[PDB]
Amino acid sequence: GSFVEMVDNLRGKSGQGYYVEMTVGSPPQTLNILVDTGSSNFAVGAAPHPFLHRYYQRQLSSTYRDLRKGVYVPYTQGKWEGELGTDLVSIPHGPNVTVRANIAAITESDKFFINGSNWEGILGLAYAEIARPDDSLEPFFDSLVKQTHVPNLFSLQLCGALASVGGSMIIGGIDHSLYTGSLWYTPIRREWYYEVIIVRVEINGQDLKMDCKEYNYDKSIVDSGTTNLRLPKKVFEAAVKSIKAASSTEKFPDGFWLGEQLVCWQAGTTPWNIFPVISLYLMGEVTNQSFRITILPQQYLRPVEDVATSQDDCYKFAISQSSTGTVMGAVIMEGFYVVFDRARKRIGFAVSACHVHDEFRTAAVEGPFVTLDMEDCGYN
Ligand SMILES: Cc1cc2cc(c1)C(=O)N[C@H]([C@H](O)CNC(C)(C)c1ncc(C(C)(C)C)o1)COC/C=C/CCCC2=O
């Protein structure tokens with residue numbers, strides 16, 4: 001249960017989430033569970049499905065307790081429905097503890113489970129305010145903290161790592177071997193999603209020049225369950241215009257910028273240097289101070305592994321328009337060590353031990369930056 005024994009406890013397939021091994025029930029039933037900072041329900045496949053290798057069999061668990069209540073969660077992509085109950089849960093490569101937690105037993109779903117993803121359930125790590133059916137359903141992490149001495153903090157090192165990816169979820173603390181340089185903290189604005197505030201956006205150091213509330217219209221969040229960086233429409237359009245300008249020595253079809261169509265180069269020849277760096281400036285812990293996190297094209301051009309196209313390297317543009325605020329998804333978290341410091345209501349970013357670099361540019365977390373304008377960047 002030591003932090004070192006938690007290193008490398010995550011696996012995934014690119015664009016399909018990262019998952020940790022758990023057990024549910026007595027005796028323990030092993031399942032792989034997607035780690036989601038963008039939701040707050042713990043839910044597991046509990047009936048057969050074409051894409052599930054295995055599923056939770058409540059009838060084999062003596063500790064299962066039925067709560068006699070249904071529950072439905074509609075995600076941005078995918079949805080499921082099922083029955084609530086509680087059971088014992090453990091994380092074999094997490095802390096050394098067993099807790100009783102709410103579990104939604106999924107009995108019907110649509111476009112939620114993913115063919116070949118290797119996971120069978122979801123661990124929503126965000127706060128009760130966004131749990132279904134309502135905020136009286138205590139989330140898993142709340143139960144863990146209440147029932148054990150685990151400190152109220154976890155960290156995620158998602159590695160873009162050949163379709164297979166890895167990383168680490170450190171429960172209850174911060175493992176200094178997983179990052180270099182300083183950790184910079186941004187405040188959690190409200191405990192529902194992991195809501196943060198972006199104060200500035202640059203593309204190859206050119207400010208997008210918008211009122212900073214636009215960046216957080218109508219919230220900005222850190223979400224390991226969404227793949228892409230998602231940007232409010234107005235911000236999205238300004239960003240795409242600036243990235244197109246920076247990369248204009250090559251022209252790509254509209255479908256590529258819509259994040260729908262692949263772009264392919266002969267293997268080993270991807271022209272990284274024509275694509276700009278994106279800087280996201282996060283509110284700091286002191287008034288009108290910020291820090292920035294810098295994203296390279298190796299993070300926002302997501303490779304799509306496919307043997308059939310493997311004479312080439314092919315990528316999707318991993319930035320999408322949103323109508324529900326900014327989503328700093330997995331492609332933004334990859335190569336940073338991200339500390340979800342619930343105890344101190346803040347989120348820490350540092351350059352990860354698995355960072356993106358090439359011979360010219362390196363992903364960075366740096367600061368402080370000061371801004372003269374006294375405007376509050378929070379929208380809501
Ligand atoms: C646009 C989008 C893409 C994808 C998933 C998603 C979206 C997606 O919806 N991911 C899920 C994550 O919980 C979504 N988080 C936000 C956007 C905050 C959200 N929307 C709705 C909610 C409530 C739960 C509060 C009702 O929260 C997690 O799903 C499992 C992850 C699978 C891997 C990513 C697969 C993917 O391609």
Side-chain angles (χ1 to χ4, degrees), residues 11-18 51 76-78 111 114-119 158-161 163-167 201 203-204 206 223-231 233 235-280 293-322 327-336 352 354-363:
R11 292 303 186 287
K13 288 295 172 66
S14 166
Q16 310 187 353
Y18 283 89
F51 302 159
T76 294
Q77 179 165 303
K111 293 206 182 66
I114 299 167
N115 194 12
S117 77
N118 286 330
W119 48 263
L158 303 184
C159 298
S164 66
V165 291
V201 181
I203 309 296
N204 254 9
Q206 321 292 303
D223 179 3
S224 67
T226 288
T227 297
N228 286 6
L229 168 58
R230 306 185 38 99
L231 295 168
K233 176 178 177 156
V235 180
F236 180 70
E237 297 180 350
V240 167
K241 180 175 161 83
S242 180
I243 297 162
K244 281 180 175 174
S247 70
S248 64
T249 54
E250 307 186 7
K251 303 287 181 171
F252 303 111
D254 293 335
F256 169 74
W257 298 110
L258 285 182
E260 287 163 3
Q261 189 181 335
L262 300 169
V263 289
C264 302
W265 285 275
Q266 175 183 219
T269 68
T270 303
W272 302 111
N273 298 330
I274 80 183
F275 282 96
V277 174
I278 297 180
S279 287
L280 302 181
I293 63 173
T294 72
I295 308 301
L296 299 196
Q298 287 93 332
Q299 276 180 257
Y300 64 78
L301 305 184
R302 178 179 70 83
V304 173
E305 341 274 17
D306 185 340
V307 187
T309 66
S310 66
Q311 94 188 350
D312 281 5
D313 293 318
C314 298
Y315 305 88
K316 285 269 252 271
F317 185 57
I319 300 187
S320 302
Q321 181 184 150
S322 174
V327 182
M328 290 163 74
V331 300
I332 298 304
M333 290 177 74
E334 274 160 19
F336 297 108
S352 173
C354 63
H355 58 312
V356 205
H357 53 131
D358 55 32
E359 326 92 272
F360 304 102
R361 296 187 292 196
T362 303

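Quick note: residue numbers are just sequence positions, from 1. What's counted below: heavy atoms across the whole structure, side chains too, no hydrogens, waters or symmetry copies.
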Any side-chain heavy atom of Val263 within less than 4.5 Å of one from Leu301?
-> no
Is it the case that more than 12 heavy atoms not belonging to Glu359 sit under 6.0 Å from its CD atom?
-> yes
Side chain to side chain donor-acceptor pair (under 3.5 Å) between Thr309 and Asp306, intermediate numbers included | CA-CA 6 Å; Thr309 66; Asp306 185 340; 4.5 Å; no
Can you name the nearest heavy-atom pair linking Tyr18 to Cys159, along with the distance?
-> OH-O, 2.8 Å
Going by heavy atoms in the side chains, are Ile114 and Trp119 under 4.5 Å from each other?
-> yes
Can you tell me if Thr226 uses its side chain to pair, donor with acceptor, with the backbone of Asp223 under 3.5 Å?
-> no
Contacts of type ring-ring contact (aromatic ring centres under 6.0 Å, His included), residue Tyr315, not counting sequence neighbours | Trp265, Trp272
Walk me through it: do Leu231 and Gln321 pass the test side-chain contact (heavy atoms from CB on, under 4.5 Å)?
-> CA-CA 5 Å; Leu231 295 168; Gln321 181 184 150; over 6 Å; no
Residues, nucleotides or ligands: over 12 heavy atoms within 6.0 Å of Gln311 CD = no
Least distance between heavy atoms, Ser242 atom then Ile203 atom | OG-CB, 3.2 Å
From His355 atom NE2 to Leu296 atom CG, the distance as rounded to the nearest 0.5 Å | 9.5 Å
What one should report as the nearest heavy-atom pair of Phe236 and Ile319 is CE1-O, 3.5 Å
Between CG on residue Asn273 and CZ on residue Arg361, distance to nearest 0.5 Å | 5.5 Å
Nearest heavy atoms of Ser14 and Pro303, plus distance in Å | OG-O, 3.7 Å
Side-chain contact, heavy-atom cut-off 4.5 Å: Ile332 with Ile295?
-> yes
Non-neighbouring partners of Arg11 that pass salt bridge (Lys or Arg N to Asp or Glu O under 4.0 Å), sequence neighbours left out = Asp8
Point-to-point distance, once rounded to the nearest 0.5 Å, from NZ of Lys233 to OG of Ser322 | 12.5 Å
Short question: side chain of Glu334, backbone of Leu158 - any donor-acceptor pair under 3.5 Å?
-> no
Check: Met328 and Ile293 side chains under 4.5 Å, non-hydrogen atoms | yes
Among all residues two or more places apart in sequence or in another chain, which pass the side chain to side chain donor-acceptor pair (under 3.5 Å) test with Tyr300?
-> none
Looking at side-chain heavy atoms only, is the closest gap between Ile278 and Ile243 below 4.5 Å?
-> yes
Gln16 CD to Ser117 OG distance, which is reported to the nearest 0.5 Å = 6.0 Å
Nearest heavy-atom approach of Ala318 to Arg302 is CB-CB, 4.0 Å
Quick one: closest heavy-atom pair of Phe275 and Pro297, and the distance?
-> CB-CB, 3.5 Å
Parallel, tilted or perpendicular: rings of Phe252 and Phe256 (30°, 60°) = tilted
